[PDB]
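First comes one chain, alone, set out as structure tokens in the form deposited in one PDB entry.
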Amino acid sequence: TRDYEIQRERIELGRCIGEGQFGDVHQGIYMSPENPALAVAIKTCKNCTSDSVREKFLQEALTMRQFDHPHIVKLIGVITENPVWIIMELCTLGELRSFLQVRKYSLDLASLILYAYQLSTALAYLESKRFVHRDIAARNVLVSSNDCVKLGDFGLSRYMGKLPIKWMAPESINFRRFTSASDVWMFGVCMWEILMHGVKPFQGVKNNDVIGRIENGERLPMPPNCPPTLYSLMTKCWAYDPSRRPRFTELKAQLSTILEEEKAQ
């Protein structure tokens, strides 16, 4: 059985790398008991002296302990004594949206397709574990290296806060139905975000008006330079009827073909 509780004396806290919902997040080192020292992200919790806040903070770490996939951020462990910390693997290049925005004129198309392919393998793995992510968006993706992205936020995930309406499948908005097919819809939006270099979907459109546009058959437009076969795949993720959406295993196979076709120019 994997380690869950880890010793604070084995963590060296480094620089602050941003803010989380419960408190600041720092970069650091985990001095692994039998392996080399690992670079980690240490999530801190400001009010975790309250066991009620501690329970909410640790809920995501409980979910993460069940996963082991190369394109899903790894939980290293937690420290339940005050101050409560969640120790994740560090993805050195940070948040996907910022990374793509900064490199909009330098990242080749094959890298953007590779990120979408890697994410489809992580979502097929989640489906195989009976989890619905419910929050698939570029903001929840992290960059380990130029050729490796990882799904890193599991706050809304469920073993089967403001709603991300602009990413949600119509049956999720209308009936609170969350399935692997509704994750496919969200993944289509996340692929659109990657191909748009981190631009958000439906900018300047009110959340309450998104519903109407989707219901009327309106969809996110073809990103400039997106291969037509890839945009067609995105539109299939946005079929109104969830039964007409592709499955994650089909998305993975089709993205592999699209990636291969781009690498051969």
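The first residue of the sequence shown is number 1, and the count goes up from there. Rigid core: the largest C-alpha set superposing within 1.5 Å between the two forms.
Student: Do at least a third of the other compared PDB entries leave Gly94 without coordinates?
Tutor: Comparison shows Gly94 kept in all of the other entries.
Student: Checking the other compared PDB entries, only those that cover the residues flanking it, does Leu119 lack coordinates in at least one third?
Tutor: No, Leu119 has coordinates in all the other entries compared.
Student: Count of coordinate-less deposited residues separating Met160 and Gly161, as none, 1 to 3, 4 to 9, or 10 or more?
Tutor: Unresolved stretch here: 10 or more residues.
Student: Looking at the entry, does 227-235 or 49-57 show the higher mean C-alpha B-factor?
Tutor: Comparing 227-235 with 49-57, the higher average CA B-factor belongs to 49-57.
Student: Can you tell me whether 132-140 has a higher mean C-alpha B factor than 183-191 in this record, or the other way round?
Tutor: Between 183-191 and 132-140, it is 132-140 that shows the higher mean C-alpha B-factor.
Student: For the listed residues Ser120, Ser172, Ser106, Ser98, which one has the largest C-alpha B-factor as given in the deposited model?
Tutor: Of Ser120, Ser172, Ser106, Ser98, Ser106 has the highest C-alpha B-factor.
Student: Among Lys43, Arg65, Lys200, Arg219, where is the Cα B factor highest in this entry?
Tutor: Spelled out: the listed residue with the top C-alpha B-factor is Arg65.
Student: Considering every modelled residue of the chain and its Cα B-factor in the PDB entry, is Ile214 in the lowest, middle or highest third?
Tutor: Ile214: CA B-factor falls in the middle third of its chain.
Student: Please place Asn82 in the lowest, middle or highest third of its chain by C-alpha B factor as given in the entry.
Tutor: Top third by C-alpha B-factor.
Student: Mind checking which third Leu75 falls in for C-alpha B-factor across the chain?
Tutor: Middle third, going by the recorded CA B-factors of the chain.
Student: Lowest, middle or highest third of the chain for the C-alpha temperature factor of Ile29?
Tutor: CA B-factor rank for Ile29: lowest third.
Student: What third of the chain does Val205 rank in for C-alpha temperature factor, lowest, middle or highest?
Tutor: Highest third, going by the recorded CA B-factors of the chain.
Below, we refer to the form deposited in another entry, which is not included among the displayed structures.
Student: Of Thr235, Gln66, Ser50, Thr229, which one's CA moves 2 Å or more between this form and the one not shown, core aligned?
Tutor: Result of the superposition: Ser50 is the only one at 2 Å or more.
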